[PDB]
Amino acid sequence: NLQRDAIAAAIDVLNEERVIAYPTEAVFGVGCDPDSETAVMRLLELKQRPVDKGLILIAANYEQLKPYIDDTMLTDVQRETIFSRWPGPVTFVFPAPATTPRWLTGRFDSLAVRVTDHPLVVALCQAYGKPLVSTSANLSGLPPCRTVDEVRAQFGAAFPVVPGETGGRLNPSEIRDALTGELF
């Protein structure tokens, strides 16, 4: 019930249209309600990141991501190639419908997404009912946090953070284009 309790409070923060920290594969990440422009702007403000660069969506399964992307051009063989890498630590850039909020796409007609296998995040997304905008937990110019204590050191002792351990993975970020397979 600990994790259950942690996810519950986490959902409360998300519903408040606020940013929350939580463990991911290699480091902790910070994220929010992708559907809320106010929440996303709070995340960008916190990371001092320009809205035109675009954000990443992390989810428990591909179904949660589909409404934000357009995979209709991908042949069954291309899909098999992409999907063979999920769930996993691989982010894919997919074209995105014009209906997807520009605060997520940035100045592109695409969106970077990932189906994670990190247990905590999968549980969180499954309970929240949708994907989370997800980026590394760190202030501009600071290195990513690998623990709850490190998140508190950078973001403040009262910054909302889900307890747990990262996956303990030290393989750099791998981002690929869904249409090519080429590193993005």
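So that there is no doubt, residue numbering starts at 1 and follows the sequence shown.
Averaged over Cα atoms, the B-factor as recorded in the entry is higher for 36-44 than for the other of 36-44 and 58-66.
The question of which stretch, 79-87 or 108-116, has the higher mean Cα B factor is settled in favour of 79-87. Sorting the modelled residues of the chain by their CA temperature factor places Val162 in the middle third.
When all modelled residues of the chain are sorted by CA temperature factor, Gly141 is found within the highest third. Ranked within its chain, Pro50 lands in the highest third, by CA B factor from the PDB record. In the deposited entry, the Cα temperature factor of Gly129 places it in the highest third of its chain's modelled residues.
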